[PDB]
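Q: experimental structure and sequence below.
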Amino acid sequence: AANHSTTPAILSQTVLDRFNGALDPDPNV
Amino acid sequence: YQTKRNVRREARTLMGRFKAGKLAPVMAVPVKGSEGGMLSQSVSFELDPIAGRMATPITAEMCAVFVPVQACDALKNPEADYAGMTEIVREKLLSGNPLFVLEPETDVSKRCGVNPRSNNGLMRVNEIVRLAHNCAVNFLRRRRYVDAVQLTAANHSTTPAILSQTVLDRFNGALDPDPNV
Amino acid sequence: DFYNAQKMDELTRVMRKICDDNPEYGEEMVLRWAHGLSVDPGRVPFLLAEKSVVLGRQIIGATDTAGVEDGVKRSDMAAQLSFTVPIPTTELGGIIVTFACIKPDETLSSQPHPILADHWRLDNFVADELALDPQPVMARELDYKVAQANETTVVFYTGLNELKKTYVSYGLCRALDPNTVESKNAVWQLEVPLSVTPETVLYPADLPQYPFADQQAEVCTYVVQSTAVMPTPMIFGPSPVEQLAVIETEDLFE
Amino acid sequence: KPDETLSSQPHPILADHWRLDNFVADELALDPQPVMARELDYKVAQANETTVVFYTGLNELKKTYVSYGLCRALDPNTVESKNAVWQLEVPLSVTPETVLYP
Amino acid sequence: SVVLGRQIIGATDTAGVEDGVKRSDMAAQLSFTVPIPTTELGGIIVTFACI
Amino acid sequence: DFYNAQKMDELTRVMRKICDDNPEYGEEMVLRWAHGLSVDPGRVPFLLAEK
């Protein structure tokens, strides 16, 4: 709540989602 | 295992300029073993402004050539005997050593649209594209005249176009007639 | 004899029809054909598609005072080409290479008229009937741009009056000065040297762009668009999942 | 916003060695494989090539390939009257998870 | 024979509008198809185009 | 594990069924089969009749 200016837009599809990836997978699955 | 179960998809859009009178490659779509489907390509044309009026027609052609891996091996190993046979390449694949290895970027590779690979900071591309282009160029040349100049596997630039009708064919001639006929 | 001949002559023409009708196998398939053998089929390349079109033209004229007086105008050329063909399945695969070439008009401009450029003489039809041998076709019969020494040289050795079956020409009048008609410069055709190297399927290494301001500039500007769907047997294994901080932190599974 | 389409990405097949896949071995592969940098774009520093961007997928870089950019042979100084180029040249590789424009 | 047509192109710049500058373009097309007269010794067919 | 197994076990039996169902190619056709290749067909003999 200190922002007092416009903000950059938001990507339609991130790199991670584009390739259907993950930063840290789980061992159980 | 050589049966279709899954599918791939490619969508490459490219832009560039190529000089007239030159057989300029535009794209190179790779096809691996036991693969098939539909291919759809489209190319636009737009020339620089021309002063005055043009009445002599200008022809633009679009061509597609399929170059098997067997043919590409012959150019890489021309002196070797049986170099391009299916069994030889089939056996060499089983060895483990890659049949084709990366090479530095060239005009043919750059114009074909293949983006390079940063191997220790140096751009790299597989040798198959360059070999395929040279073989495809020779194939087109042989159609007009079998005893045409052949390009080796050292070509790294575009090639001049091919005439629609040679002088000898235009007059229905021959360089050396036969005595028996 | 005259039976081995009249058979070897006929059999020879069959051999000739195989090298040209089946290119990229010349002097090798005929040998195997005679002995009753075949060649390996899968090594050879083959063509998938071949599209051609003639560029359209649109004229835009200047409206300013200078343009109206002089008559300034521009020519714009564009075209569209696309094809859809199936990919040929192979055990070892292959590479599909596409090409896009722009060429000028392939029409001759320097060639003497077969009749009006030679003496007017009366033909001996009876003698011409007894002529079934390859006659010479010396240079200076194809173009007037021939050096002194090259006139006598034989370009190709064929034909009886073959230079009169069809005559095609497209060029400016010799009286006209090319320095003019710079606003009607409708001239773009291949001025091949001719005579020398009659057999050549290759364009000259340097083809100037006369109608364009810059000859060394790449006139065209091509935009490609390819979409490919390729069924393949690759596994395309699974998609992992991210880790939830709540698990392993608050011990939901204990 | 401009067009969100990649332009710097090596071809999965033509930018790597031509090797014969072991389908039987690939069947026994249900674990997250690494996807190191230099597989997403060629604008990668020397040190960043070995770094792992995301840890997922078995041949996931071949299901779909999309590219839109100028030919590397062409000089961008030209086509200033056909300048139809406006797309996001994100650095990529670094910070793969980012919902924010530069 | 034919009479050339005319098309008028007018200037739009300020000087052209004030003065009234314009251009006249003239063009025409002519063609014929006739049989060639057969003769024992032949002849020469000469064409002319005069304005 | 127990998924790679229960798959390798099942996949192994498929390999076994090829060497015996396709003799005179044992330990060579299965290798090419896994990689997605084939053998030269014309070298092999074959039976014509059996009485």
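A: Arrived safely. Numbering: from 1, shown residues only, chains lettered A, B, ... in the order given.
Q: residue nearest the centroid of the chain?
A: You didn't pick a chain, so chain A it is. The centroid of chain A falls nearest to residue A:14 when counting by CA atoms, centre = their mean (5.8 Å).
Q: meant chain C actually
A: The centroid of chain C falls nearest to residue C:201 when counting by CA atoms, centre = their mean (7.5 Å).
Q: show me what contacts it?
A: Residue C:201 is in contact with B:141, B:144, B:145, B:148, B:162, B:163, B:166, counting by CB atoms under 8 Å, 6 or more residues apart in numbering or on different chains. Yep, even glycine has a C-beta here, placed from its N, CA and C like the rest.
Q: what residues does chain C put near chain A?
A: C:239, C:240, C:241, C:242, C:243 (CB under 8 Å from any CB of the partner chain).
Q: and residue C:60, how far from residue E:22?
A: 18 Å (CB to CB, to the nearest Å).
Q: the closest residue to residue C:210 other than its chain neighbours and chain A, how far apart?
A: Leaving aside its chain neighbours, residue C:210 sits nearest to residue C:188 (6.3 Å; criterion: CB to CB, 6 or more residues apart in numbering or on different chains). With the distance defined as CB to the nearest CB, to the nearest Å, residue C:188 ends up 46 Å from chain A.
Q: what's around residue C:188, how many residues?
A: Residue C:188 has 21 neighbouring residues, counting by other CB atoms under 10 Å in any protein chain shown.
Q: surely it touches residue B:52?
A: No. Using CB atoms under 8 Å, residue C:188 is not in contact with residue B:52, being 11.6 Å away.
Q: overlap of the contact sets of the two?
A: residue C:211.
Q: give me phi/psi at the residue in chain C that chain D sits nearest to?
A: The minimum distance from chain C to chain D, using CB to the nearest CB, falls at residue C:237 (2.9 Å). Dihedral pair for residue C:237: phi -60, psi -170, per degrees, to the nearest 10.
Q: enumerate every residue touching it.
A: D:26, D:29, D:30, D:57, D:58, D:59 are the contacts of residue C:237 under CB under 8 Å, 6+ apart.
Q: and the one helix or strand residue C:9 maps to, how far out from the chain middle?
A: Residue C:9 belongs to helix C:8-21 when assigned by DSSP states H and E. Offset of helix C:8-21 from its chain centre (CA atoms, centre = their mean, to the nearest Å): 26 Å.
Q: what does the helix or strand hosting residue C:155 contact?
A: Using DSSP H and E, residue C:155 maps to strand C:154-157. Residues outside strand C:154-157 that contact it (CB under 8 Å, 6+ apart) are B:167-168, B:171, B:173-177, C:134-139, C:141-142, C:195, C:198.
Q: among the residues you listed, name the ones in strands.
A: Counting by DSSP state E, these place C:136, C:137, C:138 in strands.
Q: what residue in chain A comes nearest to chain C?
A: Counting by CB to the nearest CB, chain A gets nearest chain C through residue A:25, at 3.9 Å.
Q: and that residue, what does it touch?
A: Contact analysis of residue A:25 by CB under 8 Å, 6+ apart lists C:240, C:241, C:242, C:243, D:32, D:55, D:56.
Q: mind doing that once more with 6 Å?
A: Contact analysis of residue A:25 by CB atoms under 6 Å, 6 or more residues apart in numbering or on different chains lists C:240, D:32, D:55.
Q: cool, and residue A:7?
A: Counted by CB under 6 Å, 6+ apart, residue A:7 has zero contacts.
Q: what's the answer for the one 10 residues further on, then?
A: Contact analysis of residue A:17 by CB under 6 Å, 6+ apart lists nothing.
Q: same check, this time on the one 3 residues further on
A: Shown here is residue A:20, whose contacts under the criterion CB under 6 Å, 6+ apart are residue C:239.
Q: how about it, phi and psi?
A: phi 60, psi 60.
Q: could you do residue C:149 as well?
A: Per-residue torsions, residue C:149: phi -70, psi -30 (degrees, to the nearest 10).
Q: run a quick neighbour tally on it.
A: 8.
Q: for residue C:112, same thing?
A: Neighbours of residue C:112 using other CB under 10 Å come to 14.
Q: check the one 5 residues further on too.
A: If you count neighbours by other CB under 10 Å, residue C:117 ends up with 11.
Q: helix or strand for it, which one?
A: Residue C:117 is part of no helix or strand when elements are defined by DSSP H and E.
Q: and it, what does it touch?
A: So residue C:117 contacts nothing (CB under 6 Å, 6+ apart).
Q: same check on residue C:47?
A: Per CB under 6 Å, 6+ apart, neighbours of residue C:47: residue B:65.
Q: just say helix, strand or coil for it.
A: strand (DSSP: H, G, I helix; E, B strand; the rest coil).
Q: tell me the bridge partners for it.
A: residue B:65 (DSSP bridges).
Q: ok, back up a step: now, which of the contacts of residue C:237 sits nearest chain F?
A: Nearest to chain F among those, with distances taken as CB to the nearest CB, is residue D:30, at 6.4 Å.
Q: burial measure for residue 26, as a count.
A: All of this is about chain A. Residue A:26: 14 neighbours (other CB under 10 Å).
Q: that's the other chain; I wanted chain C
A: 14.
Q: and whichever residue of the stretch 151-254 of chain C sits closest to chain A, backbone torsions?
A: Taking CB to the nearest CB, chain A has its nearest neighbour within the stretch 151-254 of chain C at residue C:240, 3.9 Å off. Here is the backbone geometry of residue C:240 (degrees, to the nearest 10): phi -60, psi 180.
Q: quick check: it touching residue A:21?
A: No. Using CB atoms under 6 Å, residue C:240 is not in contact with residue A:21; the gap is 8.0 Å.
Q: tell me, how many residues neighbour residue C:116?
A: 8.
Q: hang on, I meant residue C:91
A: 18.
Q: so who does it touch?
A: Counting by CB under 6 Å, 6+ apart, the residues that residue C:91 touches are residue B:33.
Q: could you do residue C:207 as well?
A: residue B:21.
Q: tell me the SS of it?
A: What three-state DSSP gives for residue C:207 is coil.
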